[PDB]
Structures are given as C-alpha cells and as structure tokens.
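> One structure, pasted below without further comment.
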Amino acid sequence: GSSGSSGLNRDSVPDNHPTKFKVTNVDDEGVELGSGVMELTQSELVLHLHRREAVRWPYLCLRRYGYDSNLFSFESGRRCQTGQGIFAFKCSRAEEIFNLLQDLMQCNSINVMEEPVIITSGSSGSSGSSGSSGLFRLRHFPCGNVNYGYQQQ
C-alpha cells in the first residue's frame, strides 16, 4: 500500500493517456518479450507495434476477456489475422483498457440481459508446436475475472 512517484518523463506521450495504453507482450511465465502501444477505437481493437504490420481484433469476436491488478488478457475467436489464442500483456492501466473495451463493444446496439454464471469445464489434453506467425498464445488464462460480451445462440 504505497504510492509510487514519477521519476522523470522525457517523451511526447502522456503518463495518463486515456486512449493509448503502454503494454508489454509476455509469455505464460510473464517475461517481457516485446513492448507496444495498445489502442482502442469504437470500430475495433487496434495494437500499435514496430514497423511490422499492425494487428486488429474485433470486439464482436471477443467472446471472453479478463484483467488482473496489472495484467490484461483476452481471447480472440478464430476470425482474426492472428487467429485463435490467448494474448496477455502487462499494463498497470489494464483496468482502464478492460473497462473501456467493454464500454465500446457494448456501446453497439445489442440486446443484453442478466444471467447466472455456470461452471466451465476444461479440456482433456492437447499439445503441439509452432505453426503460424504472430504473438505468443497461452494455454491457460492468466486472469481470473472473465467477462462475456457478444453472445448468440
């Protein structure tokens, strides 16, 4: 329970950027692999990375998504460039990104009601090896608080 102080900031980017959010792609362990700037637009989720092409993830596809104290992990259906998988990034502003993300995807004209949570079953056992290009895909959700958005029978 301590309040950290801002040592020094020598960049054009703010420290409380509402839209942009400094994130860091990590692995199942949490090791910082590559840093990048996450962006959220009413349209869809956009991620700013190095020269390498940018990645976009449609909310409508985002079946589930969670966020920890300083972590942000979401699941993108098999309808996106990267494809099916679990991408988690480290960001102290994960709360803002998660809250906002659900604030935008929801803003869309969609019927939503209240329903009781039901126990979720895992898998039997499946493993493999590298395949296509992209970020690191996790097997188990690093976060606990998961939220459900777009839904349809």
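Chain labels A, B, ... are given in the sequence in which chains occur in the structure tokens; within each chain residues are numbered consecutively from 1, and ligands are likewise numbered from 1 in the order shown.
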Would you mind writing down, as a VMD selection string, each residue of chain A that DSSP on the backbone assigns to strand (DSSP E or B)?

chain A and resid 21 to 26 32 to 40 45 to 48 55 to 57 64 to 68 71 to 76 85 to 90 146 to 148

> For region 107-115 of chain A, list every protein, DNA or RNA residue within 12 Å, evaluated using only C-alpha atoms, and leave out those in the same chain fewer than 3 positions away; present the list as a list in words.

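The filter keeps residues 41, 42, 43, 44, 59, 60, 100, 101, 102, 103, 104, 118, 148, 149, 150, 151 and 152 of chain A.
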
> Calculated over only C-alpha atoms, which of the candidates A:1, A:90, A:8, A:57 has the smallest distance to residue 34 (chain A)?

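Using only C-alpha atoms, the shortest distance to residue 34 (chain A) belongs to A:90.
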
> Counting only C-alpha atoms, which of A:63, A:78, A:52, A:93 gets nearest to residue 24 (chain A)?

A:93

> Using only C-alpha atoms, what does the table of region 15-128 of chain A residues within 12 Å of region 132-141 of chain A look like, with each row giving the shortest atom pair and its distance in Å to one decimal, sorted by chain and ascending number, as a Markdown table?


```
| residue | atom | partner | partner_atom | distance |
| --- | --- | --- | --- | --- |
| A:24 | CA | A:135 | CA | 11.3 |
| A:25 | CA | A:135 | CA | 7.8 |
| A:26 | CA | A:136 | CA | 7.6 |
| A:27 | CA | A:136 | CA | 6.3 |
| A:28 | CA | A:138 | CA | 5.9 |
| A:29 | CA | A:138 | CA | 9.7 |
| A:30 | CA | A:138 | CA | 10.6 |
| A:31 | CA | A:136 | CA | 11.3 |
| A:32 | CA | A:136 | CA | 11.3 |
| A:33 | CA | A:136 | CA | 9.2 |
| A:34 | CA | A:135 | CA | 9.5 |
| A:35 | CA | A:135 | CA | 11.8 |
| A:36 | CA | A:135 | CA | 12.0 |
| A:47 | CA | A:135 | CA | 11.7 |
| A:49 | CA | A:135 | CA | 11.3 |
| A:52 | CA | A:134 | CA | 10.6 |
| A:53 | CA | A:134 | CA | 10.6 |
| A:54 | CA | A:134 | CA | 10.7 |
| A:55 | CA | A:134 | CA | 9.3 |
| A:64 | CA | A:141 | CA | 10.5 |
| A:65 | CA | A:141 | CA | 9.4 |
| A:66 | CA | A:141 | CA | 8.5 |
| A:67 | CA | A:141 | CA | 10.1 |
| A:68 | CA | A:141 | CA | 10.8 |
| A:71 | CA | A:141 | CA | 11.2 |
| A:72 | CA | A:141 | CA | 10.4 |
| A:73 | CA | A:141 | CA | 7.5 |
| A:74 | CA | A:141 | CA | 8.5 |
| A:75 | CA | A:141 | CA | 8.9 |
| A:76 | CA | A:137 | CA | 10.6 |
| A:80 | CA | A:134 | CA | 11.3 |
| A:81 | CA | A:134 | CA | 8.7 |
| A:82 | CA | A:134 | CA | 5.7 |
| A:83 | CA | A:134 | CA | 8.7 |
| A:84 | CA | A:137 | CA | 8.4 |
| A:85 | CA | A:137 | CA | 5.1 |
| A:86 | CA | A:137 | CA | 4.9 |
| A:87 | CA | A:137 | CA | 5.7 |
| A:88 | CA | A:138 | CA | 7.9 |
| A:89 | CA | A:136 | CA | 10.3 |
| A:122 | CA | A:140 | CA | 9.6 |
| A:123 | CA | A:139 | CA | 10.5 |
| A:125 | CA | A:139 | CA | 10.7 |
| A:126 | CA | A:139 | CA | 9.7 |
| A:127 | CA | A:139 | CA | 9.2 |
| A:128 | CA | A:139 | CA | 11.2 |
```

> Report, in Å with one decimal, the straight-line distance from CA of residue 95 (chain A) to CA of residue 18 (chain A).

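So the answer is 11.5 Å.
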
> Using DSSP on the backbone, list every residue of region 3-112 of chain A that comes out as helix (DSSP H, G or I), and give them as JSON, numbers by chain.

{"A": [59, 60, 61, 94, 95, 96, 97, 98, 99, 100, 101, 102, 103, 104, 105, 106, 107]}

> Counting only C-alpha atoms, figure out which residue out of A:69, A:62, A:91, A:143 gets nearest to residue 38 (chain A).

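Checking each of A:69, A:62, A:91, A:143 against residue 38 (chain A), counting only C-alpha atoms, the winner is A:91.
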
> CA of residue 20 (chain A) to CA of residue 37 (chain A): how many Å, to one decimal?

6.4 Å

> Can you tell me how far CA of residue 94 (chain A) sits from CA of residue 70 (chain A), in Å to one decimal?

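Between these atoms lies a distance of 5.8 Å.
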